[PDB]
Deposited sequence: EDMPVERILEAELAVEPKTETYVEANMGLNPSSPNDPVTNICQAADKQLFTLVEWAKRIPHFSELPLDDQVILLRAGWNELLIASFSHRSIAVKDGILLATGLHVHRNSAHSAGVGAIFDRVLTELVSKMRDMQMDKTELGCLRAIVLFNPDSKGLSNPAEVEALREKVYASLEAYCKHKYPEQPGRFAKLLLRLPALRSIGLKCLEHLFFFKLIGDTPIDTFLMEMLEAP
């Protein structure tokens, strides 16, 4: 009841016009600020209590950020395009020791988004569905968050079926990337925790704050 795909697309278009791992971390810290402004632009997000806004962003920042640069890298050959305006080629990631996860991002995400020509509007929604995760621990009123999530995927199914009539199974195909994203998101965090432990790899204040407890 008041979750138009138009406002969602606007949040998306408004936020985005030497050790590959270090460059990746610098970019993630950078994107963390933008993600806050993005969320604020998502209908009804700001009306939730500040504590739930914090929970939702702390719970999904990683998947949210992985979906973005994946879709951003759709035109790239074998690598992702970082927000810092830097490209990380498959081989670069391989010789830095993170080839496995990088390959999972190329195969399970970038490639699939490309094969189905996922559009910016569809992305925005998938990210909005991820933001509104009713399963986040701590939520003061999870049912409310579940309501928002339902309005989002209702508008998405509406956008689909109407924009891609020839494709009756497009709605599901889009939601079915969510298990992959969650999986790749958990693996990426593990790496982030290891890098922190190791002591190498500079980690900026906002990215560091995300690795705090809980």
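Absence of C-alpha coordinates is noted for just one segment of the deposited sequence, namely 18 to 34.
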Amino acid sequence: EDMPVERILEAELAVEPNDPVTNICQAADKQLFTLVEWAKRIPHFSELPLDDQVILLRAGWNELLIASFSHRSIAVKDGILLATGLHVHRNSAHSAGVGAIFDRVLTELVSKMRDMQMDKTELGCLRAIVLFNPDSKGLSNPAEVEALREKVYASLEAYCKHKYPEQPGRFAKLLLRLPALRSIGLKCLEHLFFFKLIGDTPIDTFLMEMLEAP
From here on, numbers count along this sequence of modelled residues.
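Figure legend: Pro17 is marked as unmodelled in at least a third of the other comparable entries of the protein. For the pair 52 to 60 and 151 to 159, the mean B factor over Cα atoms is greater in 151 to 159.
Relative to its counterpart among 186 to 194 and 6 to 14, 6 to 14 has the higher mean temperature factor, C-alpha atoms as listed in the PDB entry. Of the candidates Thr107, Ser73, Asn133, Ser140, the one whose C-alpha carries the top B factor in the deposited record is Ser140.
In the deposited entry, the Cα temperature factor of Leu86 places it in the highest third of its chain's modelled residues. In the PDB entry, a CA B factor belonging to the highest third of its chain's modelled residues is recorded for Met116. Per the PDB record, residue ranking by Cα B-factor puts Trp38 in the middle third of the chain. Placement of the Cα temperature factor of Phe69 within the chain: lowest third of the modelled residues, per the deposited record. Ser46: CA B factor lies in the middle third for its chain, per the PDB record.
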